[PDB]
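Observations on chain architecture
Okay, here's what each chain looks like letter by letter:
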Amino acid sequence: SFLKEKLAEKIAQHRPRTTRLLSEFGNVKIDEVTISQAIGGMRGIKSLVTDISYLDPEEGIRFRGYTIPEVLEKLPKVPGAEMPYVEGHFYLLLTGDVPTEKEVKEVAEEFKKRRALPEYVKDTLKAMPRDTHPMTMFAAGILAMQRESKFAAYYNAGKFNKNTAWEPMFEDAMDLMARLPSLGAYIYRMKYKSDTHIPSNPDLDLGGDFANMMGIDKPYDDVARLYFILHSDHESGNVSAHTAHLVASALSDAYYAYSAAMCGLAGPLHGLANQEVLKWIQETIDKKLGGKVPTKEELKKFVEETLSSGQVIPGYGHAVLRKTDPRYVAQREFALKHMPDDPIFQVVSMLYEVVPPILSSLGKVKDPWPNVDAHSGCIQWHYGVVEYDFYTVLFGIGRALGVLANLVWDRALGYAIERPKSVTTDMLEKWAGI
Amino acid sequence: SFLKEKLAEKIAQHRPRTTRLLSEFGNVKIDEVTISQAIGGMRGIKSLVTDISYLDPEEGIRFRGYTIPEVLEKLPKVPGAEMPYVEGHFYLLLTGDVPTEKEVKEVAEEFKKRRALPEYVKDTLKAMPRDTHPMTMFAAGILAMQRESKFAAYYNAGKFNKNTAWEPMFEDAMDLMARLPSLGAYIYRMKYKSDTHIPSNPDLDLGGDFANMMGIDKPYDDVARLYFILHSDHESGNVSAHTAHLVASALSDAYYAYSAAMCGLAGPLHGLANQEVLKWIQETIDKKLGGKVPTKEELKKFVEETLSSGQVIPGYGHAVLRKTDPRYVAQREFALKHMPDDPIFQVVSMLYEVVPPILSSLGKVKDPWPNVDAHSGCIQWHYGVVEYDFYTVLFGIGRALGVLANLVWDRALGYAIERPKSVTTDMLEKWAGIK
Amino acid sequence: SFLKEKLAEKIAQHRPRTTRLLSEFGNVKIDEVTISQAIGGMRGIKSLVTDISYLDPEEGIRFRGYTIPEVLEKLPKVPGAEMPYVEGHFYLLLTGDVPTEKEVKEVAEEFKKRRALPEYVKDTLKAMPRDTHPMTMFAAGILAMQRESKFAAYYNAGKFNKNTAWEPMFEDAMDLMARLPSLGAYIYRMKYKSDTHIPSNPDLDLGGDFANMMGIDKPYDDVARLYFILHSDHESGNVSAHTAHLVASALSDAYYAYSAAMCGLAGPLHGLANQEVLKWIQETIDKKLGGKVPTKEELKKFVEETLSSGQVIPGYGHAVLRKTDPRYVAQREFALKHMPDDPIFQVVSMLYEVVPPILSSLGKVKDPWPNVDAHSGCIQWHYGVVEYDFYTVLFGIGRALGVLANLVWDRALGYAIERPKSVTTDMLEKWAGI
Amino acid sequence: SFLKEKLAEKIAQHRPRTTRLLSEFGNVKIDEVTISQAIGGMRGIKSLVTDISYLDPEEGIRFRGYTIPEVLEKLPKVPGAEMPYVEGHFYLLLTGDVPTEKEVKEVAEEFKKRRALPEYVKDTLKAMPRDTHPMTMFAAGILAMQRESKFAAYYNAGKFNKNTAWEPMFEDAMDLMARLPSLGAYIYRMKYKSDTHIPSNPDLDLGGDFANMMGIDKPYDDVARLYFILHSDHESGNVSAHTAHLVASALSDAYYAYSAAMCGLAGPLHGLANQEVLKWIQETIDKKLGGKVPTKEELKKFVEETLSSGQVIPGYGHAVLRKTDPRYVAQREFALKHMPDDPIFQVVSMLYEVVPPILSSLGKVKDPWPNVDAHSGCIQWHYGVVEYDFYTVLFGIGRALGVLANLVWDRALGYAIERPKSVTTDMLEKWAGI
């Protein structure tokens, strides 16, 4: 395919740069580790390499060098719609190049051929109790499809070649990515919409087909296209991306790797913020603000009182972000265009003005600003995706774009098994001088 | 005494030390990071803290301060058997104390009441195609039981408290550990023994009951006790244990964390060496040494041929170990005792002598010495576990002892979400000074 | 001593006989084929070889040289029961030796460890519609278990060897024979006893444990033991035994072979005469005799009127037998002892007196005597096995004793693929002169 | 225009022929039986009658009087395609007439109506472990559908009439024939193509719809159409057809009968040679000829070394053919047209030149010529059917065309239960004079 040939070019161009870094510059120091960081989840340690995306603490995320506004402007749109083909974003993440219309359409045609869900995935999901969390189902679905792994067949057949290993990884990535929105939709329908299902429409693009199978009309197609691209990657040190990278580093295939990643993304400190903001807003409109959009003043003192209590404002702060999330800003522009009179949005917006001043002064949070999780839910809710637990599956679908692109490159560049060294508490006391 | 009270005691003693390290000695440097290490999978970077086990490059694994000989010496033994209660090593990894007889039997009895598998686990495994890899089934079994997570229930009901979060994690760790041998045995029977199942026997310890459910006579009960204890932990930095830790650090429960771990352990660079060594040894006895135990001399030269011909000796070398793996030694001791005449073992025994000198002379492999995987298979094979892919599942059962003990402690000490920083190739080049 | 080594010795003795017959007397003629016989199902043609049993037209079946009375006399009995260990008859068919008590106890021990039904067999039976006929369920259960075939794995792994092939076959025969009663019982329970199952008792013999699992008290254990022994074999030329031989002659394993055999045994001209007889007797009692035992003379006229109005007496006549079936006589001895006052048995008994005189007089029926099917039903009904369709499944369980012994020997003696030649009607018309 | 009415005409004018042979010429001798034949699987004994096809040792197979060039030439062709309607071939096997366009279309309409696979067949095949061999699955699928048997229901309801019985048998044959390619395809998808399914195209003929559901592009539709016709029958004496005839003879319905047939076709001595040839060629190319299309002389000496070493050349003998299989020749013509330069075909093509002279030179094999199995594999492989075990299922689909047409005729002519006589080894020894 044109995509695969383009990728093989980029790989041949990139490889000598990595080889040279190891050959001539291997011993150059880039960071230190303190006791604090060792106890505190490797916080800040520059110890991972990816070219898929880079998370500036100030400017936010860039995808292959591009800002979010650049991505959304440059990528070919789906004919009729506001937003890019998600396929074209995948193209970008894999190659580094913005695809032409022709190039995106090629990827779109190939996703259509790979989109069908194995019947045994449905069988497995029906055998798991219907009351299982949808992220458990989503991770199980991915894992069961490890049976189809081309990377795994290639290894087990003794065909492993370090120059070539990326190739079956790419095929697995294409297979898995094409299917993840059908898996997610199947889980949504089976749990929440009376277990009635809408057939994949073989003429729609990934995002459009996802909206179709979920059973949500236009413009949910664009909501999803936007959503998937914005969640696509946040460099490789976040828990889900890292988990995939780690597991993949042992030459586990992408089904094992992305299943594992979703076990991490299900974690309350990673995947749950979207819905916890939405809930706290809703619960705030209910109890505090008399059931309507308040005034800037009334809101002002609600936040001030919340903070002095000892309580926190959800969807604000981040472990790496220090300014306004540009993923937040794009969600905001979609809302402003499409649901300006939604009560929940209005509260979201006014939180935008009020909450930052009040805690850059308090100065207690390091990132006194909104992450994307402050804006995602109100848009989902608006279109009737009310099933909070499910929001993380949407994240799961989105994040596969970057993560699976990352696993192809990990393999392209022959990155080694990730295996840091442990130390004991006693050893830490030794170094500290106790 | 009661395991959970004993653990609370240890948690209350341990917590001040961690606090003091962060409060007064935060910024003490313990290591550096180079370009080579960022590219090379964090190799050698000291950036993980666990007290369960510690891997010494020269001396090997120590569990809670103890070497393997000490562990096998001090842990109370199953009446009528060679090896310790697997339950007593769990007690050790959790508490730091060698259990008395009272204490181990309390764990043994508590596991007995937590052994039975949810029936939907069997339903789920049957719905997965039967030609699914055993490790895929093993990870899925674990994952489906996240429906039962007490930690998840605790969190989702709003009860998360930093001081007490370890308690539901403990309950899940006890629930899961108790079941993993039955889940593995289910998978072994369903795939490889015509799908007939031998019920759990509640008068048997974990390891005895494992051999029972697998359908294998004595001394496979001890083979299993020893294997699981040997494979129980290898500090936190190995891929499987690290994956559990990473995932749970986002406050994902143990079912999510341990399923993710087995996704990593299924990897060829992590979980396959046992069966690759064995296949190699069998393929060598056949097509290279005339279906026979060779002479020390012929093997000496066969090895030299293989290396120079551009290949590797499997089950030799390690990322962290730099001398003989004492897990290998404990396996060798078992084999010398119980199968001295087994032809495969003889080659394994002979390789022990021949290979380290040759590898060392070449000065290529930093660990010219064997790891456990060099030894585990001839033992499994001997007793009739011929199903190579299932060896990794034996590994998964064992490795849960330390990983789950570690997750309890991660939550006890409130260890933060693991979130290192990525950098790009362009950034490395900048720092390399080549603009 | 141990069965397999005894079988091995027997095989070593029999081989040179076979080898000599072929090297030296290959061209000796032993029969002809006529147009009548080509059209009429190879009737009477001497074209099969087996030593397990031999059907004598006048004297009936002999098992390994023994009559039925001799078999039931010499075979060791189950301690405290009337009838032999079914395991002991198996030993006899495999080896040609009456086993000692010690030798039968070794086969019984081995059957206890081979008895368990694979869980997927009952998954498959539940997926099949519950309204499926029990012989379809029976053949399917056997066929599913060909996944476990040691002979098939032996072949597939490239280990086929003229000399040793019988060894995997023996292993498969032991595995299958051990399970067949259990498969039968499961079908009985799942279809006709409300789908509640009674577990195997591991201290019971094949026969006793079959009755246990079926849910039927003593003496149905001896009913079974005797039933299975009487149905164990009828030379190799009957449809079911011949089907298994034919199929296995292509080196298909015993599961394929015995499943196909049950496809033949299900046929109305092979497997149904038991139930057809019983239904006929029960209709006869109710309508034609006012629900009451007739007199010898009342029945003699009923028989005559039935015959002379273009109907047959079911359970009399055979394709090969020409005298009273000794298997019928054995059922009768059991019924006389255990249920003499049974009305249905009283009609069966009188029919034995009255019918043969009348059939021989008319001189139309070449075997004016009963076969076993005239008698089996009234015993089964007496003990509450009323589910007519199931009776064939009992036949299947028993016939496997001789058929699986026969397959073991077929491969021991390297019997070639069975492949006769076909002709057309045109060619018969040419043979005949037109 | 109705097949059933035409078949009733053909049965009415055939029945007196059969009657007369029995009435007047029953005693004419057509063959002998020797010790060697009785021991050696009825080898060569003329003991079976069928009119569907006849295997001349020198001409090879004729279908209803016609040669393969004649069938392929005269049967109406599917529009747009190269090959005849498979449905047209079934019409020929049933009636003996080559169908008009109107006639074949009628049959194509009837299969379109009867083609749908029962959902419980899928249920059953899912509950059977996915690692079961596809032929075990194929045989189970057929077996499970005896639930639907018209013939069985007609018998069970007491309607059996020896003049009329061919009629529900025909209905079962049409039903089952229409469905077998959908069963095969389902098995192929669920085992080998990730358990995703391509729906039946109701506008396609049998062969075209098979290729559709398999997921293989034109021209595999013609490959299949040709494959199925070529494999359609090989008279009644081959193991699979014989097994079906035998079981059916006991008035077992076609589902029981064709299930049992596929148990025999699964056998290594009957169903595997396609696989076994193709593998041997592949292995030879790799191991023995350094991975290249060899010269005529390189291969000749390879054959000579293989043959003198006592190892055999697969796909070049037969128990009945004594000359080149015309089935082989039609495969060769197709490949000549459609895949000239295929390396595996090149080797097949050169083998056809080289092997026969060498083979007759030593004069040990009775048939020093190819059978169809020497050619089928390179064609399936060319088109991406690489799953060797599945090739026998293709065989099973094909062979049903002849076997089921035969079972209809068996019942039309009221052919009797097949039940030859067994003898013992002792009895062979007496006759020999030992």
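Our subject is the structure that appears above.
Parameters and conventions
Residues numbered from 1 in each chain as written, not as in the entry; some residues may be left out. Chains lettered and ligands numbered in written order. Part of a larger assembly, values for the part shown. Heavy atoms only, no water. Residues with missing side-chain atoms left out of burial classes, pairs and counts. Helix = DSSP H or I, 4+ residues; strand = E, 2+ residues; numbered from the N terminus. Rg over C-alpha atoms; globule rule 2.2 N^0.38 Å. Contact = heavy atoms within 4.5 Å. Pairing = 2+ DSSP bridges. Buried area = accessible area lost by both parts, 1.4 Å probe. Salt bridge = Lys/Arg side-chain N within 4 Å of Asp/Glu carboxyl O. Polar contact = N/O pair within 3.5 Å; in protein donor to acceptor, adjacent residues only side chain to side chain. Nonpolar A, V, L, I, M, F, W, Y, C, P; charged D, E, K, R; others polar. Axes fitted to C-alpha atoms, helices over the stretch in contact; angles between N-to-C directions. Parallel < 35°, antiparallel > 145°, perpendicular 65-115°, else oblique. Left-handed = near helix turned anticlockwise from the far one by under 90°. Core = buried A, V, L, I, M, F, W, Y, C linked by side-chain atoms within 4.5 Å. Buried < 20%, exposed > 50% of the residue type's maximum accessible area, 1.4 Å probe, protein only. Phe/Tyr/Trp six-rings, centres within 6.5 Å; stacked < 30°, edge-to-face > 60°. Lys NZ or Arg CZ within 6 Å of the ring centre and 35° of its normal.

What to know about the overall build of chain B
- Per the secondary structure count, chain B includes 20 helices and five strands.
- In summary, chain B has a C-alpha radius of gyration of 22 Å against a globular reference of 22 Å for 435 residues, a match within 12%.
- Over its C-alpha atoms, taken along the principal directions, chain B stretches across nearly 65 × 65 × 45 Å.
- Here the contacts in chain B between residues at least 6 apart in sequence split such that 76% fall between residues at least 24 apart.

A short note on the pairing of strand 4 (residues 60-63) of chain B
All names here are of chain B.
- The sheet contact formed by strand 3 (residues 53-56) and strand 4 spans four bridges and is antiparallel. Bridged to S53 within strand 4 is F63.
- Between strand 3 and strand 4, which pair antiparallel one after the other, the connecting turn spans three residues.

Let's talk about the interface of chain A and chain B
- In this assembly, 98 residues from chain A lie in contact with 96 residues from chain B.
- For the pair chain A and chain B, the two sides together bury roughly 9,300 Å², of which 65% comes from carbon and sulfur.
- Here chain A and chain B share 13 salt bridges between them.
- A salt bridge links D426 of chain B to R17 of chain A, with the nearest nitrogen and oxygen atoms 2.6 Å apart.
- In this assembly, chain A and chain B are joined by 57 residue pairs in polar contact.
- Here the side of chain A that touches chain B is composed, by residue class, of 49 nonpolar, 31 polar and 18 charged.

Observations regarding the side chain of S47 of chain D
- Along the chain, the position of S47 of chain D falls in strand 2 (residues 46-49).
- For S47 of chain D, the contacting residues outside a window of four places in its chain are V33, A38, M42, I45, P420 and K421 of chain C.

Some points on the packing of helix 15 (residues 296-309) of chain A against helix 17 (residues 343-361) of chain A
Residues and elements named next belong to chain A.
- Where helix 15 contacts helix 17, the axes come no closer than 10 Å and their chain directions differ by 45°. As the angle between them shows, helix 15 and helix 17 are arranged oblique. Where helix 15 crosses over helix 17, the handedness of that crossing is right-handed. Listed contacts from helix 17 to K296, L299, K300, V303, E304 and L307 of helix 15 are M350, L351, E353, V354, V355, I358 and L359.

Comments concerning the environment of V78 of chain A
Residue and element names in this part refer to chain A.
- Mapped onto the elements, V78 comes out in the loop between helix 3 (68-74) and helix 4 (86-95).
- When the C-alpha atoms of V78 and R20 are compared, they prove to be 41 Å apart, with 58 residues separating the residues in sequence.
- What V78 contacts, discounting residues up to four positions off in sequence, is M83, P84, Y85, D205 and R225.

Things to note about the nonpolar core
- Core analysis: the biggest nonpolar cluster contains 299 residues, and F138, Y220, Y258 and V303 of chain C together with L125, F138 and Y220 of chain D have the highest contact counts within it.
- Discounting residues that sit within four places of it in the chain, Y220 of chain C has contacts with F210, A211, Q380, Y383, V385 and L394 of chain C.
- Core analysis: the second largest hydrophobic core is formed by 296 residues, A144 and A254 of chain A together with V49 and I229 of chain B among them.

Considering helix 20 (residues 425-432) of chain D
- Listing the buried residues of helix 20 of chain D in full gives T425, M427, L428, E429 and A432 of chain D.
- Buried residues along helix 20 of chain D sit in contact with helix 1 (3-25), strand 1 (29-34), strand 2 (46-49) and strand 3 (53-56) of chain C together with helix 2 (35-39) and strand 5 (421-423) of chain D.
- For helix 20 of chain D, the N-terminal cap is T424 of chain D; the gap from its side-chain oxygen to the backbone nitrogen of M427 of chain D is 3.0 Å.
- Looking one or two residues past helix 20 of chain D, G433 of chain D carries a phi angle of roughly 85°, positive in sign.

What to know about the pairing of strand 3 of chain C
Residue and element names in this part refer to chain C.
- Burial along strand 3 is two-sided: the face carrying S53 and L55 and the face carrying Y54 and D56 are both buried.
- Examined bridge by bridge, strand 3 and strand 4 (residues 60-63) share four bridges and lie antiparallel to one another. Bridge pairing links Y54 to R62 in strand 4.
- The hairpin formed by strand 3 and strand 4 contains three residues between the paired strands.

Overview of the interface of chain B and chain C
- Tallying the contact residues gives seven residues for chain B and nine residues for chain C.
- Across the chain B/chain C interface, buried area totals approximately 610 Å², and carbon plus sulfur atoms make up 44% of it.
- Run the count over chain B and chain C and you get one salt bridge.
- The shortest N-O distance in the salt bridge between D123 of chain C and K126 of chain B comes to 3.0 Å.
- Counting across the interface, chain B meets chain C through five residue pairs in polar contact.
- Among the residues making up the side of chain B that touches chain C, the classes are represented as one nonpolar, two polar and four charged.

Here's the deal with the packing of helix 14 (residues 273-287) of chain D against helix 17 (residues 343-362) of chain D
Residue and element names in this part refer to chain D.
- Between helix 14 and helix 17, the least distance of the axes is 10 Å, while the angle of their chain directions is 105°. In terms of orientation, helix 14 and helix 17 fall into the roughly perpendicular class. Residue-level contacts link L278, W280, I281 and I285 of helix 14 to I344, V347, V348 and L351 of helix 17.
- Residues that form the contact of helix 14 with helix 17 fall into these classes: eight nonpolar, no polar and no charged.

Comments concerning the pattern of salt bridges
All names here are of chain B.
- The full count for this structure, using the stated rule, is 118 salt bridges over all chains.
- Ionic pairing is found between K122 and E119, a salt bridge with its closest N-O pair at 3.8 Å. Within this pair, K122 and its partner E119 are both found in helix 6 (residues 119-127), separated by three residues, close to a single helical turn.
- The exposure class assigned to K122 is partly exposed, which follows from its relative accessible area of 22%.

Here we look at the packing of aromatic side chains
All names here are of chain A.
- Inspection of every chain in the model, using the stated rule, returns 54 aromatic pairs over all chains.
- Each member of the aromatic cluster is reached from another via a ring pair, and the members are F151, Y154, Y155 and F160.
- One residue, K279, lies across the ring of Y388, its end atom 4.8 Å from the ring centre.

Observations concerning helix 18 (residues 373-382) of chain B
All names here are of chain B.
- In terms of residue burial, helix 18 counts as a mostly covered element, since eight of its 10 residues are buried.
- Those residues of helix 18 that fall on the buried side of the exposure criterion are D373, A374, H375, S376, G377, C378, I379 and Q380.
- In this structure, the buried residues of helix 18 make contact with helix 11 (220-230), helix 14 (273-287), helix 16 (326-338), helix 17 (343-362) and helix 19 (391-412).
- After helix 18 finishes, the residue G384 shows a positive phi value of roughly 100°.

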